[PDB]
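Visitor:
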Amino acid sequence: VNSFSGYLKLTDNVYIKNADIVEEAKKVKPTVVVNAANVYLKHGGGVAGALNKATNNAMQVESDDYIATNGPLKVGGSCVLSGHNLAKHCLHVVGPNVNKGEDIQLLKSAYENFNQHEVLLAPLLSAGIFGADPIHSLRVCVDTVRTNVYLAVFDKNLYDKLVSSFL
Ligand SMILES: O=C(NC[C@@]1(O)CCN(C(=O)c2cnc3[nH]ccc3c2)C1)c1cccc(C2CC2)n1
């Protein structure tokens, strides 16, 4: 039993809710919140910009030190950093950005990072400003993640479409 509330159950291990991931994280304080990161950990907009803003830019400060030490992530890769005031940990995961020409096949590799964590609060990878089809992202999620994932979808219209079209 966990503290996530109001989710629709899609499969044995995948759950979905129309919610602002920032507000959901502040309420649940999950062990792991997933950020829709880029390889530079520049949290400018989308989910990343919102999460970072909620940390009063502490996420960005920590991220800049991480990059200075380690260099950029790989597309499809991830790193674990602090969750600040939102979660114990933040798993920064880089899905391919279609608006940069990146291989959508890397979306499965990106979701594989979730399997290293027993329970996660997450957005749909590569959705939103990353330019991929969110219906496809949900499909890859369900077919790749085996751990317990609670998906927050900000847009109510998109949420209803994801549920109604789910196979
Ligand atoms: O946001 C979208 N896409 C990006 C993602 O892939 C990564 C973050 N995603 C979220 O839904 C999300 C969740 N909580 C959040 N709190 C603050 C921000 C924020 C975002 C999915 C999105 C929104 C509306 C329509 C479309 C359609 C055209 C493709 N996309």
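Per UniProt numbering, the very first residue in the sequence shown carries number 1025; after that it's consecutive.
All residues carry an ideal CB built from backbone N, CA and C; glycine is no exception.
(1) Between residue 1128 and residue 1134, what straight-line distance do the alpha-carbon atoms span, to the nearest angstrom?
(2) Under a three-way DSSP split, which group does residue 1033 fall into?
(3) How would you label residue 1191, buried or exposed, when you count the other beta carbons within 10 angstroms and need 16 or more for buried?
(4) Answer with buried or exposed for residue 1087, where buried requires no fewer than 16 other C-beta atoms within 10 angstroms of its C-beta.
(5) What's the gap between the Cα of residue 1122 and the Cα of residue 1062?
(6) Using a threshold of 7 Å, is the CB atom of residue 1046 nearer than that to any non-hydrogen atom of ligand 1?
(7) Would the C-beta of residue 1184 count as close to ligand 1, meaning under 7 Å from any of its heavy atoms?
(8) Can you grab the Cα-Cα spacing for the pair residue 1145 / residue 1082, in whole Å?
(9) Could you give the DSSP three-state label for residue 1128: helix, strand or coil?
(10) Tell me whether residue 1174 sits in a helix, a strand or coil according to DSSP, three-state version.
(11) Pull up the distance between the alpha-carbon of residue 1112 and that of residue 1189, whole angstroms please.
(12) Please give me, in chain order, every unbroken run of the alpha helix (DSSP H) with length at least 4 that falls completely inside the region 1106-1151.
(13) Find the nearest neighbour of residue 1043 within the set 1064, 1152, 1157, 1030, judged by alpha-carbon distance.
(14) Looking only at C-alpha atoms, which of 1152, 1158, 1064 sits nearest to residue 1186?
(15) CB-CB under 6 Å to residue 1054, same chain, minus the five flanking residues each way: which ones, in chain order?
(16) Between 1120, 1173, 1078, which lies nearest to residue 1046 when the distance is taken from Cα to Cα?
Guide: In terms of the structure at hand:
(1) Indexing the sequence shown from 1 puts residue 1128 at position 104. Indexing the sequence shown from 1 puts residue 1134 at position 110. So the two alpha carbons sit approximately 10 Å from each other.
(2) Counting from 1 along the sequence shown, the entry for residue 1033 is found at position 9. In the structure shown, the three-state DSSP call for residue 1033 is strand.
(3) Within the sequence shown, numbered from 1, the residue matching residue 1191 stands at position 167. Classification of residue 1191: exposed, given that the 10 Å Cβ count is below 16.
(4) By one-based count along the sequence shown, residue 1087 stands at place 63. Buried: at least 16 other Cβ atoms inside 10 Å.
(5) Along the sequence shown, read from residue 1 onward, the residue named residue 1122 stands at position 98. Along the sequence shown, read from residue 1 onward, the residue named residue 1062 stands at position 38. Roughly 12 Å separates the two Cα atoms.
(6) Here residue 1046 corresponds to residue number 22 of the sequence shown, with the count starting at 1. Yes, since a heavy atom of ligand 1 falls inside the 7 Å radius drawn around the Cβ of residue 1046.
(7) Taking the sequence shown and counting its residues from 1, the one referred to as residue 1184 is at position 160. Incorrect: residue 1184 has no Cβ contact closer than 7 Å to ligand 1.
(8) By one-based count along the sequence shown, residue 1145 stands at place 121. By one-based count along the sequence shown, residue 1082 stands at place 58. So the alpha carbons of these two residues sit roughly 20 Å apart.
(9) Numbered from its first residue, the sequence shown carries residue 1128 at position 104. If DSSP states are grouped into helix, strand and coil, residue 1128 belongs with coil.
(10) Residue numbering aside, residue 1174 sits at position 150 when the sequence shown is read from its first letter. Residue state, collapsed to three classes: strand.
(11) Looking up residue 1112 in the sequence shown gives position 88. Looking up residue 1189 in the sequence shown gives position 165. Going by the C-alpha atoms only, they are around 33 Å apart.
(12) 1130-1136
(13) Taking the first residue of the sequence shown as 1, we reach residue 1043 at position 19. Among 1064, 1152, 1157, 1030, the Cα nearest to that of residue 1043 is on 1030.
(14) As a working note, residue 1186 is residue 162 in the sequence shown. The shortest C-alpha separation from residue 1186 is found at 1158.
(15) On the sequence shown, residue 1054 is found 30 positions in, with the first residue counted as 1. Setting aside the 5 residues that flank it on each side, residue 1054 is surrounded in the same chain by 1111, 1145, each with a C-beta closer than 6 Å to its C-beta; the list follows chain order.
(16) Here residue 1046 corresponds to residue number 22 of the sequence shown, with the count starting at 1. Taking only the C-alpha atoms, the option nearest residue 1046 is 1078.
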